[PDB]
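Residue numbers (the UniProt record's numbering), protein chains in the order written: chain H, 21 to 707, 728 to 768; chain E, 270 to 707, 728 to 768. By construction, the Cβ of each residue, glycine as well, lies at the ideal position given by its N, Cα and C atoms.
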Ligand SMILES: Nc1ncnc2c1ncn2[C@@H]1O[C@H](COP(=O)(O)OP(=O)(O)OP(O)(O)=S)[C@@H](O)[C@H]1O
Ligand SMILES: Nc1ncnc2c1ncn2[C@@H]1O[C@H](COP(=O)(O)OP(=O)(O)OP(O)(O)=S)[C@@H](O)[C@H]1O
Ligand SMILES: Nc1ncnc2c1ncn2[C@@H]1O[C@H](COP(=O)(O)OP(=O)(O)O)[C@@H](O)[C@H]1O
Ligand SMILES: [Mg+2]
Ligand SMILES: [Mg+2]
């Protein structure tokens, strides 16, 4: 249907007037990447913009910003027409003025702060119907053009004289503000937007089709995640972005109201928003109003949760609605709300990663001006547990640390301030380092699921067991073609066992990095404290959080501490078991081989373990991690100092010889002392940097075999037969 | 609806609940269906305050105080038989029970076809495979798996059509289909997350699926097949069938399979309760769900009830050296009170299995509980072919192999460790093929390399220990 029909999509780049396409559309287009284009759009309102080319788009799709996409009165997923035409020319007048409340409280000269610096060397097209936004000085400014050089197009040149009175504008009746949230105000969530985006999209954009079909569009959604994670943000974003009518319910709000006042208040919310459909209904803190465990005292609270049910279930299809609620943990809410015809969908919005945090940090760092020494790629690596709302108050508190010490000397106090200071005001790296050091980065910290940073090169030796792990994880994900042809079935779990400090934890994080699978780590002590006094109930959740993360490596680390809890050494009269070992391996038997979740245990004392976990179908492949030998003992040293400035004098072949029964962790203990003996001489020297050969000679003096000899023969005995361990 | 009438104001419900019978008294013959009887009649520690305790006693006086009225029948629904006031199950109240379980694959295919009727499908679809890939699924899961797969089709198909108007006509829909790539996609989302709990089914395993063991196969059909087949006999000669069996032997020698084989043979349902799962529901110092697995066994008869890896429980109390006391828990006792409960006129049939007969409680060996003891030995050469011959029956082995030759070099391998050889061989084959992308057929050299790393799973010095218990495990009670 011709290359006059294009679709809307949301840009990767942040720049104001551009559109990004691909070469197939270019081999359809045959026009430049520096050209101007005049686009046609809905409601007789159209606008002028330029194009470039790039791979991130598909064969056919169109990247835009909101500032473009709003004037065109279009939304993501609308048919647009680029109209590839070269009308190219300069314009003349281009008289602009600021917008109603967007300048409220800021005053003064706008030429050198705003406007001018935005146009320079990047002449930007303009039309009588372009509103645009300029970022700076802690503020988002909005503009409009009542007249310019006559239409359609005007293209600035590094001359053109712009003239502006200032003063507000009349607020446009229907024209949205750009300060309303949209898919660009959310970051780190990319994967769960597209999930929410598909699922809610077409029944909002295409109310008719469903009325034409017998398909039931899912209507109800539950968003998980700990507080401050952006649940309420993601909700309103979608409602704005999709065009829907967004009504909002607070839990406390309707539990604040008088008994019997809530019922009419909760009922009206649907009844009213029934009339305005298509409609979103968002319920903040569903936990407040529907808390069924031992639930509540007295009817009036037990009554309102049954009112909610008869609205969800007793929804007859009404006309058209979709309900969205939010809560901190999936639990604590009445189970009867998750049945079908009620909130059947679930979207778990976890904490962000560093790649997510940098995405967030840039969003709250946009509008403000920064010094050149800032990094923000390092910050994301120094903020560990942080949700989005922590990481926003880390930007706004760092920026108040800047404007206290800067303008206390200016000490100017009046009704409003103008932009020159703000423009010549910046935040430095010393502030971020300061606001990161307060207790504000105190933040919620719980089970994290991520792709690990460790690579294969980060571990030395072990080259064959590296080859065997990729057999057992890489391939069944890579080649589902095979394993049908030859039949059989992949084995699910693995068990590493060996001397302490020999590399088991690392080698589990390496394959996750290799297959880009998520990695969940559950350490024996942590697992056994949540059992607390005689109760846990959270184990089934780490298998859930593993299930919705697939492909996933699920790693049970230092699995020996649990068995020695029941008892170690001499031993009890009984075997080594707890009620938290049993509910693990009921749940292993639960997960299907069609799942690509993959389990790995590790133990430093194979002597003690429960045979139940070695049974075929639980942890079958047994892998014995030996101590390193000379040629590998170089690989270890060669590795962990890869970031250390070692001097040329050293012989790593020589270290590796004098050492024999050292663990890989104890080699790092030598390399550790050497480096800390170096810094003592340097610090002395303040009354030259490099690591020196003599240093390694002194460190090597105090080195310590971490594993005894007489216990090496014990690993060598279990290396042979650990299969025998079950049955007697 | 339960919530409906619990939504209404206090005292509004009474008149609302009463009218439902009073009205539908006038329109008889009449059904009265009560959704979620759990909402309105939850008596355990039951409730707070009268108004909720009042409405459950209003319901009772309607059920019991039904005088025969004219003509009515009441139907209610609930998730678990428990949680509802016991006083509602007395006679003149809901005395009937119909347990509607989860479906089987034969059931799921039946469902899938019902929500797949009206829609058009591509020819590559199967639906007999889907039913085998959807494991825990209830009907409502398996319906939203059809409607979400069919939305995956009409998003990518008509987004290019991008036609938006008041109504659409049928040509597209007719020329619109769903493919197998969609089902595979919607099956891969987390929507197939579904409730998964004790399943009762006829097992897929056959006799041919296990090699060797030809006499103990003959003895199991004596003990299960015949009293169901020939109730004529067992009267003529008198006596009585024995109820339970106990398999014991080295690990990996085929006990679990051989229990699922007879269930398949007599087309009896099969319930499996594994030692760990049984001992975690005891949770902290409480279970209350054991009597239910004997109920779910009772209403399923003819039923094989299989207690698998029954050793993990006894080693819980303690294994090896041992405690000062015997191996027991409060979850062993409430099993064998309940075994003594079920009558020989029931055709429910119990089977245990253990890898450590040394440790077990003698109480379960008493005549009238688990009487027939059967010792499952390790395979021998002629049987070790039958095992290999079996588990690769679906594998494309090349003609070069000698299965007679494998079986010789192996002696004390378990049947499960033979599969461990046959397992490695097949995974060493796929490595060469995957290399070869920069020919399919298992090769003789492959089995020669796999055989290199093979591992005796059972020690020699513990084989003489099974041979000693093989002789006398009856002696174990009394000292
Ligand atoms: N092959 C190796 N390559 C690099 N570092 C190693 C290696 N083996 C041990 N290490 C060091 O040991 C530390 C982590 O040890 P792990 O890989 O967890 O071994 P582990 O025995 O599973 O753990 P523990 O705590 O020593 S019992 C790392 O900081 C490494 O410096
Ligand atoms: N006679 C046999 N025929 C076929 N497969 C067998 C046989 N014996 C053992 N196996 C293999 O062992 C696996 C299941 O073993 P089971 O029959 O459960 O023996 P078990 O000793 O009761 O169970 P475990 O886990 O080995 S203690 C199957 O996957 C089979 O491949
Ligand atoms: N993914 C994200 N991207 C950008 N900002 C975020 C994100 N997540 C959280 N925030 C910040 O969190 C703050 C409030 O979050 P909120 O919507 O209240 O989350 P919740 O409702 O889950 O508590 C907002 O200021 C927003 O800046
Ligand atoms: Mg470790
Ligand atoms: Mg078994």
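Residues that DSSP places opposite residue i in a beta bridge
i, result
"residue 84 (chain H)", "H:30"
"residue 641 (chain E)", "E:514"
"residue 159 (chain H)", "H:156"
"residue 621 (chain H)", "H:515 and H:576"
"residue 115 (chain H)", "H:167 and H:183"
"residue 145 (chain H)", "H:175"
"residue 73 (chain H)", "H:41"
"residue 60 (chain H)", "H:101"
"residue 127 (chain H)", "H:438"
"residue 269 (chain H)", "H:303"
"residue 731 (chain E)", "E:666"
"residue 343 (chain E)", "E:301"
"residue 68 (chain H)", "H:58"
"residue 242 (chain H)", "H:345"
"residue 390 (chain E)", "E:447"
"residue 367 (chain H)", "H:243"
Exposed unless 16 or more other CB atoms sit within 10 angstroms - verdict on residue i
i, result
"residue 403 (chain H)", "buried"
"residue 355 (chain H)", "exposed"
"residue 512 (chain E)", "buried"
"residue 735 (chain H)", "buried"
"residue 577 (chain H)", "buried"
"residue 678 (chain E)", "exposed"
"residue 344 (chain E)", "exposed"
"residue 105 (chain H)", "exposed"
"residue 630 (chain H)", "buried"
"residue 171 (chain H)", "exposed"
"residue 213 (chain H)", "buried"
"residue 275 (chain E)", "buried"
"residue 419 (chain H)", "buried"
"residue 575 (chain H)", "buried"
Euclidean distance between Cα positions of residue i and residue j
i, j, result
"residue 484 (chain E)", "residue 352 (chain H)", "55 Å"
"residue 608 (chain H)", "residue 599 (chain H)", "15 Å"
"residue 246 (chain H)", "residue 127 (chain H)", "40 Å"
"residue 439 (chain E)", "residue 389 (chain E)", "12 Å"
"residue 688 (chain E)", "residue 702 (chain E)", "21 Å"
"residue 504 (chain E)", "residue 693 (chain E)", "53 Å"
"residue 586 (chain E)", "residue 335 (chain E)", "53 Å"
"residue 380 (chain E)", "residue 394 (chain E)", "15 Å"
"residue 338 (chain E)", "residue 357 (chain E)", "19 Å"
"residue 272 (chain H)", "residue 320 (chain H)", "15 Å"
"residue 466 (chain H)", "residue 256 (chain H)", "27 Å"
"residue 541 (chain H)", "residue 571 (chain H)", "14 Å"
"residue 477 (chain H)", "residue 648 (chain H)", "16 Å"
Check: residue i C-beta below 7 Å from any heavy atom of ligand 7
i, result
"residue 487 (chain E)", "Ligand 7 is not part of the structure shown, which contains ligand 1, ligand 2, ligand 3, ligand 4 and ligand 5 as its ligands."
Residues proximal to ligand 1 by C-beta, any heavy atom closer than 6 Å: Result (chain order): H:479, H:480, H:481, H:482, H:520, H:521, H:522, H:523, H:524, H:525, H:526, H:622, H:624, H:656, H:659, H:660, H:684, H:685 and H:688.
Within the region 432–456 of chain E, note down every full alpha helix (DSSP H) run reaching 4 residues or more, in order along the chain. Taking 4 residues as the minimum length, the alpha helix (DSSP H) runs contained wholly in the region 432–456 of chain E are 439–444 and 449–455, in order along the chain.
Which runs of the alpha helix (DSSP H), 4 residues or longer, sit entirely within the region 536–603 of chain H? Runs found: 544–550, 560–567 and 580–587.
Going residue by residue through the region 288–315 of chain E, where are the continuous alpha helix (DSSP H) segments of at least 4 residues, counting only ones entirely within it? Here the runs fully enclosed are 306–309.
Return the chain-ordered ranges of every alpha helix (DSSP H) run that is complete within the region 456–517 of chain H and spans a minimum of 4 residues. Secondary structure in the region 456–517 of chain H: the alpha helix (DSSP H) runs of 4 residues or longer, each lying completely within the stretch, are 483–489 and 495–498 in chain order.
What are the uninterrupted segments assigned as beta strand (DSSP E) that are 3 or more residues long and contained completely in the region 634–706 of chain H, given in chain order? Unbroken beta strand (DSSP E) stretches of 3 residues or longer found wholly inside the region 634–706 of chain H: 639–644, given in chain order.
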